[PDB]
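*Asks:* Just passing along the structure, written as structure tokens.
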Amino acid sequence: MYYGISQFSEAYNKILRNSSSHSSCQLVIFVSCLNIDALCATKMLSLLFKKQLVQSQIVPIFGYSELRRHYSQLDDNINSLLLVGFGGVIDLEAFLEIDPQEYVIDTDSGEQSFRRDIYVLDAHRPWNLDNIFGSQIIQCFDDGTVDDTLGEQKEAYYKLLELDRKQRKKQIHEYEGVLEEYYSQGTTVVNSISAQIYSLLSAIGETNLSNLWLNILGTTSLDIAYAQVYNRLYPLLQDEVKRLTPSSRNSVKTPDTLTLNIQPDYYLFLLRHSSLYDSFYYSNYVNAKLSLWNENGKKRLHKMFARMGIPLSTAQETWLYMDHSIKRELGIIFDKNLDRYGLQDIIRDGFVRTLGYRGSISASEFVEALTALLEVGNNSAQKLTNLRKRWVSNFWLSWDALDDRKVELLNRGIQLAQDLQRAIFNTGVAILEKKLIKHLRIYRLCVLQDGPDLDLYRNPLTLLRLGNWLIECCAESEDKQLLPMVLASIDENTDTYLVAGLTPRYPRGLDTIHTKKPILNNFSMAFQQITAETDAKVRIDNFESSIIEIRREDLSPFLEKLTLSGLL
Amino acid sequence: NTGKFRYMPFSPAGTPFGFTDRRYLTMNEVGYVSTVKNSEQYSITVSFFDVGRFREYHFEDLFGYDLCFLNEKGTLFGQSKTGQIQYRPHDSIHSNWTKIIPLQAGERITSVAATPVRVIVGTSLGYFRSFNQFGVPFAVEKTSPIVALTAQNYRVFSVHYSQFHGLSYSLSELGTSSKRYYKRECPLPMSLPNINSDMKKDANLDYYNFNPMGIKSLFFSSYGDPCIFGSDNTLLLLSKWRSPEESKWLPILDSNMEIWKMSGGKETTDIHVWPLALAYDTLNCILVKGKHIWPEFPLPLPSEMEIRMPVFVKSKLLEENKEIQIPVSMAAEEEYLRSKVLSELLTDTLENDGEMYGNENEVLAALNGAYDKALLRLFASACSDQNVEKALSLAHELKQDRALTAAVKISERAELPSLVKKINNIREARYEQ
Amino acid sequence: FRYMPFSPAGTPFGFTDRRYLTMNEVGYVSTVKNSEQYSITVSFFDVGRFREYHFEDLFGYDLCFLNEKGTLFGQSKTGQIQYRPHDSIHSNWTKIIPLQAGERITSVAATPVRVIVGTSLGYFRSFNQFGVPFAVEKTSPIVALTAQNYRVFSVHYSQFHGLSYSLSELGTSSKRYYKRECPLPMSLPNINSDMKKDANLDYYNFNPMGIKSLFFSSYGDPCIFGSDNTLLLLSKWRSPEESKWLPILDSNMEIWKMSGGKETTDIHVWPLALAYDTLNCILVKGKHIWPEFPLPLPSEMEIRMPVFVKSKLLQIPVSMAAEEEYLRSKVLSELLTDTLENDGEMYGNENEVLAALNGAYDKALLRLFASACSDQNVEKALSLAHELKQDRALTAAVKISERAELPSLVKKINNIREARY
Amino acid sequence: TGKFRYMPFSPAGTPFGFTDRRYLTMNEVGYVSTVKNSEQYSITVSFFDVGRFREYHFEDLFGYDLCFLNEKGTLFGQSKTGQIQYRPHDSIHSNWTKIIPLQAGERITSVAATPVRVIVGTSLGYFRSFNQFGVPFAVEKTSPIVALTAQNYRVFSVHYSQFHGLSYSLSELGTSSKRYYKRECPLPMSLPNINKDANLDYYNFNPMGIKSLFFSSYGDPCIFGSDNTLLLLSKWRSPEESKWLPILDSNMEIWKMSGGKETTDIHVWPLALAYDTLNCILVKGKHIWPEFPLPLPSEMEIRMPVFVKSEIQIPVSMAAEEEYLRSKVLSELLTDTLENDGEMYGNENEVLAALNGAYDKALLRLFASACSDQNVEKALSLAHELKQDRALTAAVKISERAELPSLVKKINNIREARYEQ
């Protein structure tokens with residue numbers, strides 16, 4: 001372990017001592033864009049440092065190349081660096097060309113001090129042992145995994161470090177085997193950065209309703225792909241909401257009251273900001289459980305609505321103007337008429353925040369709006385950089401959406417979320433009708449070669465959204481065995497693909513012994529190994545490890561070698 | 001054998017649960033502690049007023065603590081039944097510890113206290129068990145049943161109540177290396193709620209259930225003067241507390257009277273005073289407006305009230321029956337009394353406790369100037385009645401000689417030629433004194 | 001538990017409008033109800049220097065306390081205070097005491113230096129002779145209060161702390177304290193408080209505490225008298241730790257024995273004052289314990305230690321009467337001495353009266369020595385002779401020793417005489 | 001509210017019971033019991049000491065109700081018809097009979113005899129004292145006295161009342177020197193109100209269930225009651241530093257005696273305490289009082305309530321803590337008799353040295369426990385009380401082993417501060 005849960009306050013105090021000078025701005029926060037959890041964590045840090053008047057700079061970085069370029073550009077005065085959402089799975093001192101002898105001051109006296117401190121803050125579990133164990137400059141905000149599940153790796157790393165006959169060589173190979181089996185592991189996510197920073201705030205005592213709301217947003221960002229993590233962290237948020245809500249309950253509503261509530265939040269898509277029919281129709285879970293992509297699915301949906309006794313005219317009405325008779329009986333109606341179709345998991349408990357008279361909104365809807373703003377908010381090596389520039393710019397739109405004074409931007413985000421879900425649904429029914437997903441014995445490939453609005457999928461977030469749609473659809477099919485999926489999308493302007501190796505997941509709400517063990521995404525190591533040999537102009541720079549940009553002509557040989565690769 | 005026999009736990013400025021999950025364990029001068037149930041157990045939250053020296057924190061709680069006590073160096077938690085106490089210093093250099101108190105049949109911890117020299121735990125039976133900062137026991141003693149506790153930096157003040165001995169207080173200064181005692185089981189003049197507890201009260205029954213004796217707080221002063229607040233809504237200070245023979249219980253504030261005289265004329269009952277601390281006429285107290293005596297989770301701003309003697313007579317105050325007018329004849333006399341008591345209190349800490357802020361001498365000099373100004377006004381008022389003996393008697397308490405010269409001028413101007421010679425004789429006597 | 005106004009030596013309404021408020025060695029106050037109000041009548045027992053005067057009242061003061069230079073008046077509720085000095089050189093004044101909701105004034109007292117009024121709640125407000133306030137204090141709830149020339153005495157009762165006496169010497173500028181909030185040993189009437197009594201129900205309802213007088217001795221020694229008919233005193237008032245409580249006089253057995261030693265229950269005595277065992281008191285026979293009728297001559301009854309036993313008395317035996325005289329002289333010896341080294345020689349007879357008291361003390365020792373000689377006890381005589389003070393008394397003890405048929409009796413007293421050298 | 005039943009009480013009081021076998025008073029020297037021969041009472045006075053205190057019996061016709069034992073006599077008395085029987089064991093001092101003045105409502109509650117004075121209390125609140133010959137010497141009035149036990153020169157006068165509550169008072173009467181230490185201060189003894197077979201009889205015998213009022217081997221006052229605790233005065237000489245430390249807990253201790261379960265037939269009747277040696281009678285049966293003639297009181301060490309509910313294994317971590325607290329509390333008690341009472345038992349210095357050695361041994365065990373706990377601050381606090389410098393060397397030796405460089409240097413810093421002190 002490097003920084004446990006109980007000693008986050010030590011890191012915060014170290015940051016304050018090193019860089020809380022009003023003379024200059026010696027603190028720089030590197031945030032990974034295209035990550036809602038990192039966005040909420042950086043918003044928390046921004047508010048916390050605004051309270052203590054610690055001058056700081058927030059830089060959205062898209063890829064590892066940008067991180068390296070910025071660090072090279074980074075001045076030596078800046079003596080505190082925060083990496084939010086990345087950096088925990090690579091040799092940062094090696095990647096950034098860091099040698100501790102050039103950053104050490106006042107070596108003496110069993111202590112050491114350095115002129116610059118890098119605090120990595122992410123949730124991807126393959127901690128690089130040369131970062132968590134063998135470097136003092138790099139300081140990792142651990143969540144308790146290393147101090148409990150890395151004892152063997154700690155011993156193996158230290159023995160090899162200190163040792164630089166037959167028994168000695170045999171034991172070295174035995175220890176080196178322990179390190180090797182630690183690697184060759186898929187990259188998962190166990191915690192949410194927002195929850196970690198909220199734990200730090202609880203240690204410092206700066207918790208309030210806005211920070212709790214940011215924590216809820218960051219945690220709810222994990223419910224789509226890491227539902228086990230969200231279910232693990234949910235009781236803590238539930239306790240915090242009860243702790244922070246004022247005792248003056250059942251009071252009259254006033255234009256100033258902000259209420260965090262735990263009320264039934266059905267697992268539909270933008271239920272409060274769109275019609276009930278559109279909430280069922282465009283839901284990922286409902287689509288998986290009913291197969292609405294085919295023609296018979298719409299008939300099933302209409303039959304369900306008739307069964308509940310909700311007229312289609314009322315069902316398609318906007319949620320605000322739905323008749324108060326139906327809107328107040330949603331719980332009873334869903335209890336009576338959902339287990340018939342297997343949608344019992346739709347009913348759920350979530351967090352809903354109302355700001356005075358501005359109407360309710362749930363964290364699930366809020367994160368969809370934020371994601372939409374990230375995705376569509378606003379010869380070959382140059383236009384791609386223009387895309388990176390636009391993608392960085394969208395981070396600030398999603399950042400400004402968090403402010404309560406910019407609801408006119410959150411509504412635009414909601415509209416963009418509805419449009420993007422519509423486009424995702426159209427492309428999904430186009431893929432599943434033409435049977436574009438080629439089943440294999442290693443990975444179910446799927447390449448998007450032509451169609452409409454194909455420029456949406458050059459963004460990694462939109463491609464992951466489509467992949468999550470497909471994976472949710474496949475997960476509820478019993479015949480289809482679990483298998484990694486690959487999505488690609490040709491970028492005509494740059495003549496390059498965007499391969500996004502995904503991971504399968506068990507059906508939502510299905511809790512078993514094998515469900516408890518998380519599924520690990522093995523595509524990162526496979527991609528890196530394939531790129532190391534057989535130079536193919538592959539661009540592996542995303543913080544999301546399992547996403548690469550490959551030339552149009554080099555895609556097929558790359559996939560051939562990947563098929564020959566048994567790593568994944 | 002009931003009602004007052006219930007030694008239900010009490011902590012300074014406590015609060016009942018009432019009709020919600022929020023409860024205030026303690027409101028010291030340095031912060032407050034609140035508890036909320038997470039539908040199965042409590043989560044403690046400790047906040048501090050002097051943000052800049054401490055940092056608030058909240059932790060999960062499983063034992064369901066009922067007692068708390070905040071110092072400038074650490075806070076102590078207690079339990080009513082099976083009273084496992086917990087002490088946690090604010091700084092991380094000192095490690096917090098927990099201990100289990102010896103519990104007997106019918107026993108229940110009533111109050112807890114802590115001091116940088118020793119930590120003291122109460123007991124319904126009347127035990128006086130004490131430990132060091134780190135939990136090692138030091139001595140076990142039995143006294144009258146302790147019902148409340150409040151400690152300053154080095155001194156501990158407790159009130160003992162029993163159905164046979166009555167309300168008896170005891171102010172003991174443990175000291176760094178000398179356990180110098182100042183009082184022991186001495187009778188106290190606090191009025192226990194008896195008539196008001198005879199099934200005639202609205203919304204006060206729940207609070208009286210929370211605290212049977214109705215004593216709201218036992219906060220000290222900035223100079224170590226013990227103070228008492230309860231149902232009678234009057235502060236009780238110990239003026240000459242250094243000498244046990246010089247024990248003095250002076251009612252320094254009258255909450256109901258002050259509230260009435262600032263409310264415009266109505267005898268309002270919807271205003272309740274929750275004192276926190278007093279520091280040289282600065283009484284910090286939350287003024288809750290409503291039918292609920294205890295405050296809510298958003299603790300209101302600690303509005304400050306000034307000390308006022310209960311010399312205000314209703315007969316004199318209803319001269320303008322309905323900015324309540326004050327009789328100028330009695331207002332100056334009350335200012336005289338306030339200046340007198342404040343000067344006496346400051347002199348005790350001047351030579352003994354030394355300088356505290358570097359301005360005690362100057363404020364004492366200004367207070368003495370006001371003290372003699374009040375004497376001059378009373379002298380003029382007596383001269384207005386053509387009572388030369390009254391003015392002569394009042395002139396013997398003058399401190400500054402310049403005020404005595406002003407008294408000479410008053411005598412020579414207020415149609416009293418005979419007073420001139422006597423005040424001049426007093427001044428000439430003061431020449432050699 | 002109920003609190004109602006009361007003054008030292010206070011009398012209840014009874015059946016006549018003429019009600020007396022306070023008895024003093026220099027005066028007394030009687031109130032007459034003229035169908036609308038109580039007219040204050042003040043009359044002095046002293047020489048013509050203290051001139052009797054009467055006036056008309058409208059406020060109806062229910063409290064009174066006389067002194068050597070003025071008398072204070074007040075009421076329980078809305079208790080305006082009017083301390084009118086006896087001398088006409090000091091003009092009187094009127095002022096209104098602060099009061100709370102339901103608060104009542106229980107007792108009043110006056111001092112040459114200050115004036116102090118008690119409250120039911122327990123306030124100890126102190127003023128001056130001209131009405132200007134000086135200090136306000138709080139103690140246990142007061143039921144009665146008495147003030148001397150330089151010191152004051154108050155008794156505090158509450159439903160929890162109960163009876164407790166407070167001794168304070170405010171003085172001109174010296175606040176000498178000796179006993180604060182200390183419990184008092186006076187036994188509250190329990191059998192007498194029962195709802196079955198003859199000619200006493202009115203007083204018990206008016207004064208549930210049962211205390212009748214709270215005056216002082218000549219030397220400022222507090223005296224306590226109540227329905228228990230026991231005269232309490234502060235033996236060692238100078239030392240709070242060494243302070244005692246000796247019943248100087250028991251009214252009941254004294255009035256039982258003076259007439260003929262037979263049974264009697266109508267010789268109730270109202271105490272007036274005390275000055276070196278000159279316990280002047282009202283001797284009224286009948287069903288009017290309080291002086292409802294005009295007070296008779298305050299005839300004196302000297303104190304007597306409660307050593308008398310009913311079995312040995314049911315005339316006085318001469319062998320043990322001198323023992324009681326010995327005990328009285330012994331207990332009064334320190335009482336007479338204290339004035340000499342504390343209050344000075346003010347009466348002027350302290351030296352001669354103390355010499356006479358010590359002479360009688362050693363004479364009683366000699367008489368008990370002869371009695372023990374008749375008992376043929378060497379140890380008793382030796383123990384009694386240990387306390388001999390006068391050398392001539394010791395020589396008389398030696399002379400008795402050689403006569404009372406005892407050889408060992410002589411040698412011990414001779415050794416004691418040698419020790420005197 | 002009419003609770004005024006102040007029945008007479010004596011140390012180690014015993015109810016009559018179904019039979020006539022009732023103990024008047026039981027002391028360490030001997031026990032006094034009673035039996036009725038259908039017409040009168042027979043008083044059996046025995047002695048547990050050496051044959052010098054020979055057992056003697058006398059026929060009683062007055063029906064004595066109270067008794068008191070002494071090294072030079074024994075007193076007897078009865079509740080009604082106040083009479084006195086201080087009949088000394090030695091024939092050199094002639095026995096005398098004195099008549100106690102009895103009044104209506106008045107009843108004798110307690111008696112106390114000393115070699116220099118004999119004192120009897122009453123429910124009225126009197127402190128009558130008589131000389132060795134029974135002649136009265138000084139009568140004092142206090143709060144209603146219900147218990148009165150005295151040492152050779154010290155008396156622990158306890159006064160109780162409905163309007164005054166419990167109130168202890170310890171005073172020095174002496175042969176001719178009157179000194180006072182504690183007067184009228186309340187005591188924390190617990191009135192039994194929750195509490196029945198064989199219990200209601202004893203409650204009718206005594207209201208507050210006091211068992212005994214014996215003193216220590218060095219004259220330290222002690223009180224034992226229904227709560228089954230011993231109340232000792234560490235700084236009895238100092239009034240402002242008075243301490244009431246619990247010493248033993250019979251109810252708590254009796255749990256682990258039988259089997260660690262709830263037992264009700266192994267009741268304890270303590271007699272006296274002398275340096276951690278308390279002799280107690282292990283009465284077995286439904287009746288609390290010993291119906292049979294009193295057997296030898298089994299010795300038992302003192303244990304203040306440090307144990308917790310959560311032959312029986314005792315935690316060594318808390319066992320040595322309890323021994324530490326015992327040594328600490330007994331250290332000042334042993335030093336009390338040094339400068340004032342001196343050496344009389346010939347072992348005070350040796351027992352003091354052994355107690356100090358055990359005190360520092362418990363200190364060392366606590367230091368080892370804290371070192372195991374790895375608490376630097378706890379060890380630093382524990383190192384501030386080491387008495388013997390050799391124990392300090394042992395602490396240094398432990399410090400160099402308990403894996404703490406700072407521990408070694410801080411213990412050596414304290415030791416070097418002790419080097420030049």
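Residues in the structure tokens are numbered from 1 in each chain, the chains being A, B, ... in the order shown, and ligands are numbered from 1 in the order shown.
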List the spatial neighbours of residue C:139 as a PyMOL selection string - criterion: any atom at most 12 Å away, only C-alpha atoms, same-chain residues fewer than 4 positions off excluded.
*Replies:* (chain B and resi 186-191+236-238+247-251) or (chain C and resi 118-125+143+154-158+161+164-166+180-182)
*Asks:* Export C-alpha atoms of the chosen residues as a PDB file, in the first residue's frame?
*Replies:*
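The result, stored in result36.pdb:
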ATOM      1  CA  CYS B 186     -21.614  22.418  49.426  1.00  0.00           C
ATOM      2  CA  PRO B 187     -25.287  23.401  49.099  1.00  0.00           C
ATOM      3  CA  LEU B 188     -26.255  25.374  46.000  1.00  0.00           C
ATOM      4  CA  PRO B 189     -29.156  27.788  45.394  1.00  0.00           C
ATOM      5  CA  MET B 190     -30.431  26.398  42.068  1.00  0.00           C
ATOM      6  CA  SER B 191     -34.208  25.945  41.962  1.00  0.00           C
ATOM      7  CA  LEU B 236     -25.454  31.677  38.850  1.00  0.00           C
ATOM      8  CA  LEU B 237     -21.837  32.809  39.199  1.00  0.00           C
ATOM      9  CA  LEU B 238     -19.261  32.166  41.931  1.00  0.00           C
ATOM     10  CA  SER B 247     -18.466  31.466  48.667  1.00  0.00           C
ATOM     11  CA  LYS B 248     -20.820  33.783  46.781  1.00  0.00           C
ATOM     12  CA  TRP B 249     -23.715  32.737  44.531  1.00  0.00           C
ATOM     13  CA  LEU B 250     -24.681  35.859  42.579  1.00  0.00           C
ATOM     14  CA  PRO B 251     -27.479  35.763  39.980  1.00  0.00           C
TER      15      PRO B 251
ATOM     16  CA  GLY C 118     -34.987  37.721  52.347  1.00  0.00           C
ATOM     17  CA  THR C 119     -37.039  36.078  49.609  1.00  0.00           C
ATOM     18  CA  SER C 120     -38.960  32.843  49.162  1.00  0.00           C
ATOM     19  CA  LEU C 121     -36.884  31.945  46.094  1.00  0.00           C
ATOM     20  CA  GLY C 122     -33.640  32.492  48.001  1.00  0.00           C
ATOM     21  CA  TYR C 123     -32.399  35.957  47.092  1.00  0.00           C
ATOM     22  CA  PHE C 124     -30.270  37.796  49.640  1.00  0.00           C
ATOM     23  CA  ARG C 125     -30.618  41.381  48.413  1.00  0.00           C
ATOM     24  CA  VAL C 143     -37.720  31.383  55.886  1.00  0.00           C
ATOM     25  CA  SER C 154     -30.430  33.699  58.404  1.00  0.00           C
ATOM     26  CA  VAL C 155     -32.061  30.268  58.338  1.00  0.00           C
ATOM     27  CA  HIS C 156     -32.623  28.527  55.002  1.00  0.00           C
ATOM     28  CA  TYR C 157     -35.164  25.788  54.292  1.00  0.00           C
ATOM     29  CA  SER C 158     -35.947  23.926  51.077  1.00  0.00           C
ATOM     30  CA  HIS C 161     -31.640  20.808  51.446  1.00  0.00           C
ATOM     31  CA  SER C 164     -29.859  25.270  57.288  1.00  0.00           C
ATOM     32  CA  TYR C 165     -28.466  28.296  59.120  1.00  0.00           C
ATOM     33  CA  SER C 166     -26.210  30.983  57.646  1.00  0.00           C
ATOM     34  CA  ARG C 180     -22.613  29.457  55.213  1.00  0.00           C
ATOM     35  CA  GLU C 181     -25.406  27.041  54.219  1.00  0.00           C
ATOM     36  CA  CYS C 182     -24.519  24.888  57.237  1.00  0.00           C
TER      37      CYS C 182
END
*Asks:* May I ask you to extract the residues of chain C within 9 Å of chain B, using only C-alpha atoms, and to give them as an MDAnalysis selection string?
*Replies:* chainID C and resid 78 90:91 96:100 121:123 130 132:141 159:162 175:182
*Asks:* Restrict the calculation to only C-alpha atoms, then for each residue of chain B with any atom at most 6 Å from an atom of chain D give the closest atom pair and their distance in Å to one decimal, rows by chain and rising residue number, as JSON lines.
*Replies:*
{"residue": "B:102", "atom": "CA", "partner": "D:308", "partner_atom": "CA", "distance": 5.0}
{"residue": "B:134", "atom": "CA", "partner": "D:378", "partner_atom": "CA", "distance": 6.0}
{"residue": "B:141", "atom": "CA", "partner": "D:245", "partner_atom": "CA", "distance": 4.5}
{"residue": "B:142", "atom": "CA", "partner": "D:244", "partner_atom": "CA", "distance": 5.7}
{"residue": "B:143", "atom": "CA", "partner": "D:188", "partner_atom": "CA", "distance": 5.1}
{"residue": "B:144", "atom": "CA", "partner": "D:188", "partner_atom": "CA", "distance": 5.1}
{"residue": "B:164", "atom": "CA", "partner": "D:165", "partner_atom": "CA", "distance": 4.3}
{"residue": "B:165", "atom": "CA", "partner": "D:165", "partner_atom": "CA", "distance": 5.3}
*Asks:* Would you put the residues from that selection into a file with N, CA, C and O atoms, as a compact mmCIF listing (two decimals), in the first residue's frame?
*Replies:*
# COMPACT_ATOMS: atom_id res chain seq x y z
N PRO B 102 -17.08 -0.42 35.24
CA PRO B 102 -17.73 -1.43 36.10
C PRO B 102 -19.18 -1.04 36.35
O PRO B 102 -19.46 -0.03 36.99
N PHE B 134 -4.88 8.20 28.94
CA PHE B 134 -4.68 7.02 28.12
C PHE B 134 -5.48 5.82 28.60
O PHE B 134 -5.34 4.73 28.03
N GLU B 141 -13.64 6.48 43.74
CA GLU B 141 -14.22 7.11 44.92
C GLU B 141 -15.74 7.09 44.80
O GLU B 141 -16.29 7.02 43.70
N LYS B 142 -16.41 7.13 45.95
CA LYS B 142 -17.87 7.14 46.01
C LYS B 142 -18.33 8.42 46.69
O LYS B 142 -17.83 8.77 47.77
N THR B 143 -19.27 9.11 46.06
CA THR B 143 -19.82 10.35 46.60
C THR B 143 -21.33 10.34 46.36
O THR B 143 -21.92 9.31 46.03
N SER B 144 -21.96 11.50 46.54
CA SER B 144 -23.37 11.64 46.22
C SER B 144 -23.58 11.45 44.72
O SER B 144 -22.70 11.77 43.92
N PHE B 164 -31.85 12.43 49.41
CA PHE B 164 -31.70 12.71 50.83
C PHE B 164 -30.81 13.90 51.13
O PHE B 164 -31.05 14.59 52.12
N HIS B 165 -29.80 14.18 50.30
CA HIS B 165 -28.88 15.27 50.57
C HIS B 165 -29.15 16.52 49.74
O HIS B 165 -28.63 17.58 50.08
*Asks:* Distance cut-off 7 Å, counting only C-alpha atoms - which residues of chain D neighbour chain C? Return them as a list in words.
*Replies:*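 Result, ordered by chain then number: residues 101, 136, 139, 140, 141, 142, 143, 163, 164, 179 and 180 of chain D.
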*Asks:* For the alpha helix (DSSP H) assignment from backbone DSSP, which residues of stretch 202-322 of chain C qualify? Please present them as a PyMOL selection string.
*Replies:* chain C and resi 202-206+251-259+310-313+318-322
*Asks:* For chain B, list the residues within 8 Å of chain A, counting only C-alpha atoms, and write the list as a PyMOL selection string.
*Replies:* chain B and resi 20-22+36-38+43+55-58+296-298
*Asks:* Just the selected residues (C-alpha atoms), exported as a PDB file, in the first residue's frame, please.
*Replies:*
ATOM      1  CA  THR B  20     -36.679  13.287  14.716  1.00  0.00           C
ATOM      2  CA  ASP B  21     -33.386  11.406  14.446  1.00  0.00           C
ATOM      3  CA  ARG B  22     -31.172  14.404  15.293  1.00  0.00           C
ATOM      4  CA  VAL B  36     -28.375  10.715  13.564  1.00  0.00           C
ATOM      5  CA  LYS B  37     -29.712   7.174  13.267  1.00  0.00           C
ATOM      6  CA  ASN B  38     -28.937   5.369  10.011  1.00  0.00           C
ATOM      7  CA  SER B  43     -23.485   8.154  13.190  1.00  0.00           C
ATOM      8  CA  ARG B  55     -11.343  20.041  11.971  1.00  0.00           C
ATOM      9  CA  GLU B  56     -14.802  18.511  12.222  1.00  0.00           C
ATOM     10  CA  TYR B  57     -15.198  14.774  11.731  1.00  0.00           C
ATOM     11  CA  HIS B  58     -17.965  12.185  11.660  1.00  0.00           C
ATOM     12  CA  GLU B 296     -32.679  21.728  15.277  1.00  0.00           C
ATOM     13  CA  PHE B 297     -29.845  20.299  13.187  1.00  0.00           C
ATOM     14  CA  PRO B 298     -29.049  23.610  11.420  1.00  0.00           C
TER      15      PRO B 298
END
